[PDB]
Each structure stands twice: as structure tokens, then as C-alpha cells.
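Have a look below at one chain only, the form deposited without ligand CIU, in C-alpha cells format.
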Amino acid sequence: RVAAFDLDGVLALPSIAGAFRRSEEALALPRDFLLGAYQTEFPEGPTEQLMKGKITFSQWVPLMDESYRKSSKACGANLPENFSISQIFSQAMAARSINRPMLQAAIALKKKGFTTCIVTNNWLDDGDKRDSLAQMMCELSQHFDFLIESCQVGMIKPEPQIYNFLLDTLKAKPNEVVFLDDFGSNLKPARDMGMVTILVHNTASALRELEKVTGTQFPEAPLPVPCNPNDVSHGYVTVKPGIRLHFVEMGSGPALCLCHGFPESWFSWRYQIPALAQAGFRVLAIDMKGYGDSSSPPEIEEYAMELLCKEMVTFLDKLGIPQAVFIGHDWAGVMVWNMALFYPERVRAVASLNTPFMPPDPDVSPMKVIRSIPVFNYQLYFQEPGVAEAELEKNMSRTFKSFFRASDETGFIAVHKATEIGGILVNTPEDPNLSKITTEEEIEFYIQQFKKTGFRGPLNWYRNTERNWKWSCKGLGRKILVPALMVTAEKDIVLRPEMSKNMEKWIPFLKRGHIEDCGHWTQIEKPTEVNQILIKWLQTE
């Protein structure tokens, strides 16, 4: 089966046709005077030349204005002497956007496994604001297998051949296909061909109703569009002789680097990458040193935070980028705060998820501080080379299902006792049922990513306590004056909100956000909420 959508009217609103009627009234001319050009059946003149893509937009402007001057005052109502369809048409175009519940309904049937597409009477926009259209087209791109645009294949609706070309493309019969459109006259031939007709009258709802009435049903609040993974651009930068970072890229300027935490990957930001790009930014979801597709050397000294921060700067220099907004989580969160503290010039802004900015005391050995907090036990367990590696690697499937579970789920990790019972996966069953926060598919990606790195590299992050302490002490007399955000996860066992209360002594002006019923895996557990927060912050400051 397959489902196809017209764009002006079902995937995109308000129908541009709307602004046609609006100014029709706005000028005293006869019902369908200006809309006849766009909504007809028998399309002639320049509009047919347009939607068949024989002439661009700009050309059509003058030529149509004149086809109007004829028809006009010269056969009915007075069409102003100095009058033009240009700024009115190019505005209801730029003043229109996506119909989410509808795009939502399509992503569904696709996720469900349906051939989706768009069959629309397009035109080539050489307009002053054709950008609005490129974005809409860019973004809709991902969700449909096919896109039959009138202005590219030379047909137009209801002219019969377009439909027949649709079927030849989807390679199907008129039965297995459902057609959504806002005109109905454009729908008269589909039914007549043995197709399903649904008039997208409304704005959806009444139409998505007679839609679940065939196939399935759509979430009340669907989870955001996750970016993934063979559909993405993969970058590679070589920062130092043997070392090279890998990352993923989406969207257009200004730069914003998403840094993940232990034991994850760039794929963790899967829900924020799209949304963030679409929000106007050039996303760079990087694989941290020691992870996935970047260099994972064995030396411990190699993961010192001082050296890790220096190499983030180099990653920008080689990439040509002079400033980015860094937003980290877990361990990256720490790094990110140190980037803000050590390389302010390169930081447009900083955001942290769960991880507070916790500077060190120069009169308090750093290991002692870890040895005291009952909840950083595992942190100690990790301190010994080969040990935790061996446990985590024995069976990567449990390891991941064990680690990634919701704030309201069982099978948890052993952050408190690890060293007594010797392990974190010790009390964890060796067949965790699968969290409701990830899929086998998602789990598999992490498995594969770590078969390439093993776990030494990632763990070496925990192993630089001393020097890290000695390094950070260098900026105890400074303050973080660049823009900052702190988002806290309520039910996050380690890295509890309360650990941030003092933060503003170092970061005045620090803005703040907070998510309830949320554990450590903020991005994966409360994505939409994280997205909302993150965007508002980026827009606001």
C-alpha cells in the first residue's frame, strides 16, 4: 500500500489558495476571478506554463498580470490599473508552513511501512524569498519515498497522465493507494481510477479520522523525529598525528557541537539533531575521544580533560569554525564547562544536561572527594584498568539494556555498592528485559559501535582524577561570563539536581531549566521536553 499527499493544502498550510480568496474579497472582484488561474481543471495561459515548469515564477508574474488585465476590467469587475499578483502570491507562499499532525500521520504509515509521497502542482521559484520553500522541501524530504512535482515531470492535476505516472512510479494498482487533496476536483479522477479519495478539508483531524479508518492510528503527542543514521553526513577531522574525531552534521549555520557522555555516542542525540537543525542551526553531534568512529587510544594520559579540551579547539581550527555553542551531558558536560572556563573566545554558549559545574578545592585531595560520596562508588570501581572493561564487554547486550532504562524502571545499575559485590552488572539479571526507552535496533547500534572501541578508551575518562584536579585548579579565580544554561533531571540518581545549587557563585546570569520524572538519559527519556528547552534558550540568547 501507498499514501500520497498534495502539498498546498494537506502537508502545507494555509493553502496558498486561501490568500487568493482573501484578496479576491480584498478587491471586489467576482468569485474565482484570480483563483481560476490556480484552481481550475482547464488551466491555460501562463499558470499552465508555470506548473508544467516551462517558465519560472518571475516570468509568470508579468505575463499573468497581463492575462489578468485582459480578463480584468475588460470583462467584468474593475481590476485596478496598477495591480500585481507578485507580492501577494509570493507572500502566502512564504507565509505558509508544515501541517505537523499531517506530516505526523505520514511518518507513521511510513514507520509502519507504506510507500508515501507528494503529488503537487509545483512551480520553479526564482523568487526573492524562495528560501522558505527550500527549507520546507529540505525538511519534508526525509519522510517521503517519492515526490512527483508537476513542474518537473510536465503534468498537472487533474490532467490524467500525472496519476498514471504516479502508479508507474510506485509500481502499483489504484487500490493499494490512498490520495489526500484539498480540491476534490483534483480528486475526481483518482476515485474514478479505483483509488481512495479523502478530501483534506479542515486542517487535518476530520481527515486523519477517515484515515485511521484505514491502516492504523496516530499518537496523541508523537515523539519527535529521530535523525538516523545512513541518511546522515559523516565528518572526519585529524586533530593530531594519530588522533582523529568523527562526527555527524546536519543543518546550516551557526555551529553547535553536541558532546555525549559515558557510555554513549553521537547517536544519543538522535532526537535533538533533526529538531535542532530545523530550528536554524548547523549541528555537529561528535563521537568523543575513545568512542565509536573516532580514535580510541589506550594511554590513560590521553583522556586528561586538559588535553581533551585542547583537542576540541583544534577540531574547530581544522574545521574552520571559530566559535560554536557547546552543549554537553554526563562527562562531556564537565568538558563543556571547562571549555567555557578555559577557551571563552571559542564558546558562543554552553549548556549542560544533568552535569553541574563542580570546580575543585585546592585543599581537598580529589580522590578523597570521590571516596566520600556514597554514590560515586562505581567511579572507583572504574579506576582499575581491565577490570570494569572485562565486565562491561563480557556481553554488551546486557551492558546496554542495563545502563539505559527510564527513571521509572527496574533493573538499575549498582552505583553505590559496585566494589563490595565486585561489579555493576552483578545484581543485574543477565537477560534484562528491554527498556521502554530504546529499541533492539537502537541497542544494536551501540553494540556495534563498541565492538570497535571496546571500553578502555571511554573508561579512561574516569581515570584522570589527579591531574584533572591539578589542571582545573588553574582557573579557580575566574568566573564563567559567557552565556550558560543548566538543565537538571529530577530523578537522576547520581548527578542529582541539588548538586547545582551553588553553581551561580561561579556563573552569575546562569539560566536554568529543569525536567521532572526524568533520569540520567535526558535526551533519550524526555527528548521533546529537552528539545523545547534547548531551542528557547538558543533563540532567546
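Residue indices: 1-based, along the sequence shown.
A second form of this protein, the form solved in complex with ligand CIU, is not displayed here; the remarks below concern that form.
Contact check for 262, 462 and 494: all three have a heavy atom within 4.5 Å of ligand CIU in the bound PDB entry. With ligand CIU left out of view, the stretch that reaches within 4.5 Å of it through heavy atoms in the bound PDB entry is, among 267-275, 164-172, 218-226, 373-381, 373-381.
A heavy atom within 4.5 Å of ligand CIU in the bound PDB entry is found for exactly one of 89, 247, 123, 403: 403. Put simply, of 138, 358, 210, 300 only one has a heavy atom within 4.5 Å of ligand CIU in the bound PDB entry, and it is 358. At the 4.5 Å threshold, heavy atoms of residue 181 stay clear of ligand CIU in the bound PDB entry, well away from it. For the chain shown alone, residue 520 is a contact residue for ligand CIU in the bound PDB entry, at least one non-hydrogen atom being within 4.5 angstroms. Among heavy atoms of residue 287, none comes within 4.5 Å of ligand CIU in the bound PDB entry. In the bound PDB entry, ligand CIU lies farther than 4.5 Å from every heavy atom of residue 256. Residues from 310-343 that approach ligand CIU in the bound PDB entry with a non-hydrogen atom closer than or equal to 4.5 Å are 330, 331, 334, in the order they occur in the chain.
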